[PDB]
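Read the single chain below, which is given as structure tokens and is the form deposited in one PDB entry.
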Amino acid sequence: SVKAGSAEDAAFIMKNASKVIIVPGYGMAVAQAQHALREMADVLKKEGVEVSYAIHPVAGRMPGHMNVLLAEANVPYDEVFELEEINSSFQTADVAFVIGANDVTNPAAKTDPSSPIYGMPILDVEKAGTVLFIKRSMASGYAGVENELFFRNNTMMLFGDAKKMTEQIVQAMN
């Protein structure tokens, strides 16, 4: 029931965007994909597209997990935003580029009261025109629950390693 996708498909979607919000997560750290991620941002920004990063306070497995890796890949601080200052921008976003995140985006956090992630504020990636999830399989995140967004109409799954996918996505672009 999931609308799967490939590197070529994903590269059209972002190149024809006025605005793209990158949502990094644990899987991005596991793949060590931040260099190739910021690479993709340089190509997007060169076309005239607006690029930002949405950092959930508990993305990854430690505080500042996404920050240190983004800083290593040399992404400037002015492009990186915390949940509370970027959540409203997802309405104006053509695409939410979710790279290795999952629990952080899951809407069951405010829908399902019996969910383990209920009450945790999330990034509202569903408000974007389209959502792109990069992850290897249909496996859950840390919390061990499924994400409704996976089988949403406006979502596209990019099944593979986050570094390899992003690297390949950069190739389809120019």
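So that there is no doubt, residue numbering starts at 1 and follows the sequence shown. Only residues modelled in both forms are compared. Take the two forms, find the largest set of C-alpha atoms that superpose within 1.5 Å, and that set is the rigid core.
Just so it is clear, the following notes concern the form deposited in another entry, a form of the same protein that is not shown.
Undergrad: Can you tell which of 51, 29, 40, 117 moves its Cα by 2 Å or more between the shown form and the other one, with the two forms laid on the rigid core?
TA: Looking at each option in turn, only one qualifies, and it is 117.
Undergrad: Core-aligned, is the CA shift for residue 129 between the shown form and the other one 2 angstroms or more?
TA: No, the C-alpha moves less than 2 Å.
Undergrad: Could you check whether the CA atom of residue 69 moves 2 Å or more between the shown form and the other one, using the rigid core for the fit?
TA: Stays below the 2 Å threshold, so no.
Undergrad: On a rigid core superposition, would residue 108 pass a 2 Å threshold for CA movement between the shown form and the other one?
TA: Superposed on the core, residue 108 moves its C-alpha 2 Å or more between the shown form and the other one.
Undergrad: Mind checking the CA-CA distance of residue 130 and residue 112 in the other form? It differs by 3 Å or more from this form, so is it closer or farther?
TA: Compared with this form, residue 130 and residue 112 lie farther apart in the other form.
Undergrad: Taking the shown form as the reference, report whether the CA atoms of residue 26 and residue 116 lie closer or farther apart in the other form; the distance changes by 3 angstroms or more.
TA: Closer: residue 26 and residue 116 approach by 3 Å or more in the other form.
Undergrad: Are there runs of at least three residues between the shown form and the other one whose C-alphas all move 2 Å or more relative to the rigid core, and where are they?
TA: Core-superposed, just one run shifting 2 Å or more comes out: 107-120.
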